[PDB]
Amino acid sequence: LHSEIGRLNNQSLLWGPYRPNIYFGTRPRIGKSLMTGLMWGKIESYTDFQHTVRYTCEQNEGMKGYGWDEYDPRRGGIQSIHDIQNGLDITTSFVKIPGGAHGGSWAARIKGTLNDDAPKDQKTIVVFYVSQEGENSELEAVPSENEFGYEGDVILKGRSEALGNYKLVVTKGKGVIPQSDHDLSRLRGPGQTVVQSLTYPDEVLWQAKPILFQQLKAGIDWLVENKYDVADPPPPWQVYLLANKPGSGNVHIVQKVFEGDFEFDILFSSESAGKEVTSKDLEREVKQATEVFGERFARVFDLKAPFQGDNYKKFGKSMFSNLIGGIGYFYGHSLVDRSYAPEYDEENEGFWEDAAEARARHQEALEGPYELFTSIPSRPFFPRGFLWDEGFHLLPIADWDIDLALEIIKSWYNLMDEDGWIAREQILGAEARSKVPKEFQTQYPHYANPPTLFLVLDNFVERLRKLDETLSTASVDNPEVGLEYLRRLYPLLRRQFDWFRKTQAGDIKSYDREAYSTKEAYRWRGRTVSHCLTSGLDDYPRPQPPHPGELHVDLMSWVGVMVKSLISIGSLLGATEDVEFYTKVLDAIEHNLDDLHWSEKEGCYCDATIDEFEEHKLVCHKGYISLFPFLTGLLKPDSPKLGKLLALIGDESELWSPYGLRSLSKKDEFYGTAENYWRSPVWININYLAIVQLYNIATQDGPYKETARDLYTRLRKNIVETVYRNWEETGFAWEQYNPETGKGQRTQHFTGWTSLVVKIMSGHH
Ligand SMILES: Cc1cc(NCc2cccc(CN3C[C@H](O)[C@@H](O)[C@H](O)[C@H]3CO)c2)cc(-c2ncccn2)c1
C-alpha cells in the first residue's frame, strides 16, 4: 500500500508551473524534459522591446506586483501580474487534468488587459517558448496552411520516454492583430502568428531570452541586407515579428503581436489519456479548482478572532497561495568544495583567516546532477531551496497537504551525502547559477543550518499518533503508510544528528569548563568577524573575536529539537537502544544549557566564549538568541528560567515593540548598527516560534499560564496586524518589519516564512 500511495502521489504531482524563477512557465518533475515559458512586452519604437520584454521575475518601480491568487500543485491555480512599464494586467490560469500513464494533461489561459494609462492601440508582443531536453525525444510544429504563418491554432506534436506521445497547442486566441501595409508584407505577410523551430545543444535551452533575441537580430540583419531602410522602414512591430519557419527541433518559439487586449490558451494533451484537452475543458476545470480551493481553505485555515473578517481571509489566501505557489522543481549540478581542507576545522585562534586562505585555493568543482522539489523564500530575489527556511515554509503547507510536505522533506533528505551533510543553499544547474554571483555559489561540507525540517516532522508525528483530497492525507489516514515513511527517513535523520555532533562540536574538556556533561557543547562553524551565516541569524552579535572556544546557545537548542524528534520517531519504530541513547543526550543538554549558557546576572541564556585568560565567559546580547531554549520548546512550564524569559519577552524597553519582538534589544550596544539585519528588526519566523510556545504555556496549568495567555494574545495580534497592514498598503509580504515605524523593509515577495501569518491567524496549536 505504501508503494501504491507513492505511485499515485508521483502521478498527481508530476506536472506544475514549477518554474517560480520566471513569471509563468511549466515543467514536469523530470530533469531533462519538456519546459515552457511566457514572455511579453510592449513595442513603441525600434529599440524598446529589448528593454520592456519580461521573462524572469524581478521587483522594481516598473512592476506594481504579482503573485498567485489561488494555488494547489495537484490542481493548478490563477496568478495575477500588474505590469506598470508595459501597461498591462495579466492573468495566467493553469489547470491539471488527470489521466493516462504519464502524469496527466494540463492547460493554461493567458489573458492581458491594458490598464487605464496605456495607449488604447498599444502593440504587445507575446511569445510562448517551448524547449525539450533528451537524446531520443522529438517535437515538431505542424506547418500552417497559410503562406506566412498561422491564421488559427499552432499544434506541436512530440514524444519522449518520460511523457510518451503528446500534443501541445497554442490557440489562435482573441484580440486585434495589427496589419502592415508595408512592402515587406509581400515577403513576411501583413501580420500573423509565427513559429520558429530550432535546435541548440540541450544544456543551453533554458537561455530563452538570448535565444529569442538572436532570432530577432537575424530578422533585422535580413531587413538591412534586403534594402529595408530608414528611408521607408516597416513598423517596429513588424521589424520584430520573426519570419515563420516551423519544423522539428528542440526549441519552438511561438510569437503573436496584439493591439489592445488579448487572450490565448495552451493545451497540453497526454496521448495515453485518450481524448485531447479543449478550451471548454480548461474553463470547466479552472472553475472547479477555485471551488475546491475555497472549501479546503475554510476548513484548513479557519481564521480566529479578531481575524475572522473577509479582509483577513483574502489576506490569508494571498499569503498562503504565494507560499505554496512558490514550489519549484530544480535539476542539475551544484558547486561544492570537497577539499576538506584542515583550515576548515577552525581549531585555532584567528581561524577565519586560515579558512579564507583555503577558500582561495578554489578547489570547488561541479558535482551531481541533483534534483530538488521545494518551496522557496522569494521568486524575484531567492528562487531556490534554503535548508532552514524550508522547515518554516512547510508548516502551513503540511496543514494544507501533508503528503505534499512529506514529498518535499523526502526530496531534501535525498540530497544528503554519505557523511550526513545537506548544503544549506541548493543552486542546481546553469539556470539556477545564472542568478547568483560566482563568489556566492560554492557550498562547504562543514557549514550547517538550523534543522527546522524536524519541526514539520514533529507535527506529522502528532497527527500520525492522534481522489486529490484522499492523496493529500493518505500518509496520516493510513498509519502503516506514514510509518513506512518514517522507517525509510529515520536513518537519514540519525545520520544528520550524528553529523551535527561530529562537525559542530564545541570544546568543554580543553578549558576550565565545569558542566554536568563533558560531551554536550556546540559551536557553529563558518563564522567571520562580523557574521555567523550558518546559524541563519546573519549579523546577530556573537562573542568578539570569534574563537575556537565559542559555544552557541541556539545551536545547542537545535540539537535538543533533533533529539526530541528522534525519541518520538525511534519509539514508533521500536528502536529501543537508539531511544536510550537519545534519552541520555537530552538529559545532558537540559543540564548543560544551564551550566554553560544560563546567566543569573542577566536573567537569560547567552553564547559563551573563552577569555584572554583562558577562562569561560558568558557574552550576553539580549535578543532572539537569549530566548532560544524557550523558542525550541526545551523549558518546563514551571521553570523559573522560563518566568524570567517571559519578563524579557514582554519588556517594551528590551524586545517588545508594538509590531512584534525585536531581533535585538534596544538596550544592546549593537542595536541598529552596521547592516542591521538581525540587530533590531522584527522577523516573522522567530516571532512564530515565540507565539506557538506562548500558546503552549497558555493552555496548560502552571505559574505562568496567565502571563503567557496575555503575551500570546497581544503578540499574535501585533504580528498579524503588522503583516496585514503592510500587505494592504503595498501588496507585498516583506522579509522583515521595522519596530519603530511598523514598515516592511528589506526584500518584497518574501513568501517565504512571512507567510507563517496564515497559521498564526488560524491558531489552535
Ligand atoms: C549576492 C547577494 C548576497 C546576499 N547575502 C545575504 C542573503 C543571501 C541569500 C539569501 C538571503 C535571505 N535570507 C537571509 C536570512 O538571514 C537567512 O536566515 C535566510 O535563510 C536567507 C533565505 O531566506 C540573504 C544578498 C543578496 C540580495 N539580493 C537581492 C536583494 C537583496 N539581497 C545578494
Side-chain angles (χ1 to χ4, degrees), residues 20-21 56-60 63 319 322-323 326-328 330 334-335 359 372 374-395 412 422-428 432-437 440-444 447-453 455-456 524 526-528 530-542 552 554-555 557-558 623-625 628 631-632 662-664 670 674-689 732-737 744-757:
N21 54 311
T56 66
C57 295
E58 306 173 311
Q59 182 55 57
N60 53 50
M63 181 84 24
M319 298 297 295
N322 276 317
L323 174 71
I327 284 169
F330 310 85
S334 64
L335 187 62
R359 294 196 297 276
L372 183 63
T374 183
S375 63
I376 63 182
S378 173
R379 291 173 70 184
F381 298 113
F382 308 115
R384 56 190 166 274
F386 285 75
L387 183 50
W388 88 306
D389 298 56
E390 194 68 14
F392 296 106
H393 295 162
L394 285 188
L395 297 158
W412 270 93
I422 300 170
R424 62 182 268 246
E425 184 177 355
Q426 289 295 156
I427 309 167
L428 302 200
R433 287 188 291 278
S434 71
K435 268 257 135 170
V436 180
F440 288 80
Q441 289 173 6
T442 299
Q443 302 300 301
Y444 294 92
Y447 285 5
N449 217 29
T452 51
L453 281 171
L455 299 185
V456 188
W524 293 109
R527 79 162 290 243
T528 63
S530 285
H531 288 89
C532 182
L533 301 188
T534 57
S535 70
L537 294 90
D538 292 22
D539 66 349
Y540 192 97
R542 299 282 191 169
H552 300 308
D554 57 319
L555 176 45
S557 302
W558 287 120
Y624 291 160
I625 294 301
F628 249 77
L631 296 176
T632 53
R662 309 187 181 83
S663 43
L664 195 50
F670 295 107
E675 291 173 273
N676 189 36
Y677 207 14
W678 292 82
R679 297 193 172 189
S680 57
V682 175
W683 289 86
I684 306 311
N685 61 326
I686 306 301
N687 277 271
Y688 172 90
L689 293 176
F732 302 123
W734 296 80
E735 193 179 351
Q736 59 173 215
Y737 299 83
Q745 60 188 202
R746 298 304 195 115
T747 64
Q748 304 99 322
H749 297 264
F750 198 79
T751 53
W753 57 50
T754 296
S755 284
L756 281 169
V757 77

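When a residue number appears, it is its place in the shown sequence, counting from 1. Remember, it's 1-based here, ligands and their atoms both numbered in the order they're listed. Excluded from the calculations below are hydrogen atoms, water molecules and symmetry mates; all remaining heavy atoms, backbone and side chain alike, are included.
Remark: ligand 1 and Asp389 share an N or O pair separated by less than 3.5 Å (distance only, no angle test). For ligand 1, the polar-atom distance check against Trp753 finds no nitrogen or oxygen pair separated by under 3.5 Å. Considering backbone and side-chain atoms alike, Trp683 places every N or O at 3.5 Å or more from each N or O of ligand 1. Where the criterion is an N or O separation shorter than 3.5 Å, residue side chain and backbone included, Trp388 meets it with respect to ligand 1. At under 3.5 Å, a nitrogen or oxygen of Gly536, whether backbone or side chain, sits near a nitrogen or oxygen of ligand 1.
Under 4.0 Å from ligand 1, not a single heavy atom of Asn449 appears. Neither the backbone nor the side chain of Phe392 comes within 4.0 Å of ligand 1, counting heavy atoms alone. The residue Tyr540 has no part lying near ligand 1, judged by heavy-atom distances below 4.0 Å.
Aromatic ring centroids of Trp678 and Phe670 lie 6.0 Å or more apart.
Heavy atoms of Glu735 come nearer than 4.0 angstrom to ligand 1 in at least one pair.
Put simply, the side chain of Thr452 does not reach to within 4.5 Å of the side chain of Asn685, judged on heavy atoms. Residues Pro20 and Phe330 meet the side-chain proximity criterion, which asks for heavy atoms closer than 4.5 Å.
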